[PDB]
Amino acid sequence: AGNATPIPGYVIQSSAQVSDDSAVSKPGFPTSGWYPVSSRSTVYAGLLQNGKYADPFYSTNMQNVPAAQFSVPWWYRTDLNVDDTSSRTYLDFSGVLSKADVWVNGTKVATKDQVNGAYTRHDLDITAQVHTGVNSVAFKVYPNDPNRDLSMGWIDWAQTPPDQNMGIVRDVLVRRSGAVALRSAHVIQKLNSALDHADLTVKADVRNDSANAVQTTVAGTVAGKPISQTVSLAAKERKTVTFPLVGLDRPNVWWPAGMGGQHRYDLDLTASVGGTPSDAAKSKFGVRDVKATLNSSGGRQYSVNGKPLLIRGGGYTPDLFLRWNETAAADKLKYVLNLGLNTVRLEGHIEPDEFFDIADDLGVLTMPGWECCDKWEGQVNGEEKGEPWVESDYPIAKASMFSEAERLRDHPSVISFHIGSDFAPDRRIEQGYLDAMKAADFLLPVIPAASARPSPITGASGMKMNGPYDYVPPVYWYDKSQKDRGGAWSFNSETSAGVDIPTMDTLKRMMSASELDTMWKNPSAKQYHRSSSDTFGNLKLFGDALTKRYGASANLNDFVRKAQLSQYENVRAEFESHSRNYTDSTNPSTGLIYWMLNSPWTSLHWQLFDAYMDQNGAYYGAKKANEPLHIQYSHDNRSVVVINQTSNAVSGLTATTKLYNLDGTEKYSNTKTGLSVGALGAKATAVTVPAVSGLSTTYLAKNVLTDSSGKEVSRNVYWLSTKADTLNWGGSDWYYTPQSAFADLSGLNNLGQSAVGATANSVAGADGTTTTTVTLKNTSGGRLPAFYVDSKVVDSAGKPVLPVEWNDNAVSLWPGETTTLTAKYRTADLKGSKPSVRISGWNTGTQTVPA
């Protein structure tokens, strides 16, 4: 008694092949030719699992899937054994897209009118229907239409999954307990402002589902303190048990990564009846305080544990077909940290519990909320996809808020819930959301929208969604003059410069030779792996600025090499600008969510890391920007700026800024010593680079930060032009601002050959990981830097070992200079091969060294 076991898997088939719905869940039902699938599968995932269609990640494979078959229901069916019918039996689940009939042993226990909406939780007492031995359960899962159903959809991020994700994407728990069922155990936690004392209020529901009145004792531990309450329950009665306040002295406060540890406490409760355990629940919570208030400029400002914070993050997405794997979730979040980011946004598609656990454990902050552009906003978004709400929609959306509030309330990573995205909810829908949260004791900041749209009750959003979402040059980010644009000011909830060409290794796995030929030759042509949206269907704006700024592409390799430079440069400036302006007295930047962190699939835009966890110019660019102790060059005013992200003020820093023509001639040098800079996003200005006579059209700026012990702590190399990027502001659309003039960076085409310079070694650790160390030296006999040198852990065939975490990469080294790099990865991902390192540079060619 106190049992909860996930159904491990099902066999599935279309309802096309089922003429008697009641037959499915009778024990002995034949399933010849049904598809075996693991827990958490959409129909199409399940069919991929059985190898029924080709790899959707490659080319247009996904188009060749007949989608008609997903406009009818599919059954999810499994046996369940019950050795003893002393215990009551429950199905507890969520994640049904879009709705389902639930059947046990030939009886319909619930219909799609009740079991409706992806986020709604259901706790079905199936005691009457369960017998000794073999029992069976079947879900008739109805088709998903994200515009019709309070569910999940893909907006314009990728292309539409053939099944629109229908199926059961979270676990179904089979629960067993006595007369009393224990549900919804949480801990309300309140930290004093000094962070040295907390008050914990444990609440938990007991439900008596027996025929007779009972006395139940709910007892156990919170944070290692004993607790006990005894209440009476009438037959069929459910109560909320509030426990007396527990004081917790000098708590182990949960902090964001790099600000402290990520301790979580345990709540462990047993409901007993008649001196015997009836049900039990274990959970965790973190002791932490969060706020998100409007500053004096109307900007939404977050703080954790009293500490103000520039949110620096990206929009997280799951797999396009909602295929779940815990390790991969963890790898994805681990990359957030490798990037130097502190936050991920979840525009809908809110992930299963474990994702929040991992987030908690690693100290990555999360911004979950509902999504735009479909049913969720169908009642306030007018002409945009998403159907106006009917009366039955209201209780489903309210039940969805409650369920999520309940799942999410105790995860310290969560800093807010967005109740709208593009459109704030109206007063009726908003009251529904506030009531649901109140009832779940969900006490986090509620943000009305991610755009500037206010809601009637909560009010101003303190954010903006002004774009861009496609190509803009670096200096665009430094704008504070255009208040309908996406410059570094207020809270940038979702923005990027669009196209993000992945590594050549990802390219070759995701597109044909012909597809790739077209991409570089005709950026204007439609690419299946960008977007279903006509607006983001092609790479025209990107191709156009690429040619203009770096020069026309001679071939695929040329296109890709320049693509990476552009993405690095662009993403770098996007974050750097927001970091700099965070400490403006007037309209500070309070947030940045890059659009996006990752893609749901193999893609050509809106990503820092690709679907295979490979790392390109955009990744390395985000990583440079987000260094904890960082030196940066402002593209607007040519000031060299030091940013300290750490939880401690730093002193005795020197900032060295040097300019070089492409022939290697130093044309400017400045050394600023004894720099202090405060903690947590504060900045300091080293120098403003003056205009310098005699710079080559394309030149380099070498920015170096060294601490008091002389250690180089940040190195930052910019390829700059004597010719400015300038904006045609009045030509701005919602998704970009075109350029009145373009920079000339094409000199890189003729940057002379340098050389490197490489040694490598690997240690297999006892923790299951290998650390490959690589020493790079510029070994040339001249004056030329080894520019943009990318190191890759590869196996013996030269295929990248992924996921991987480097301390630094994409380095530039001047003659004689040396750097030592560290790469870490699971030993098992070598798949038995010895490790090597592939080293390629803009002007140093490609070599691979054993390691």
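Numbers for residues come from their place in the sequence shown, where the first is 1.
Averaged over their C-alpha atoms, the temperature factors of 305 to 313 and 427 to 435 are higher for 427 to 435. Averaged over their C-alpha atoms, the temperature factors of 339 to 347 and 76 to 84 are higher for 76 to 84. When the C-alpha B-factors of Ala618, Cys372, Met152, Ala213 are ranked from the entry, the top spot goes to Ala213.
Among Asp353, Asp171, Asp196, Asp744, the highest C-alpha B-factor recorded in the PDB entry belongs to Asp744. When the modelled residues of the chain are ordered by their C-alpha B factor, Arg826 lands in the middle third.
In this PDB entry, the Cα temperature factor of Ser41 sits in the bottom third of its chain's modelled residues, the lowest group.
Sort the modelled residues of the chain by CA B factor and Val231 lands in the highest third. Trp729 sits in the highest third of its chain by CA B factor, as recorded in the PDB entry.
In the PDB entry, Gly258 places in the lowest third of its chain by CA B-factor.
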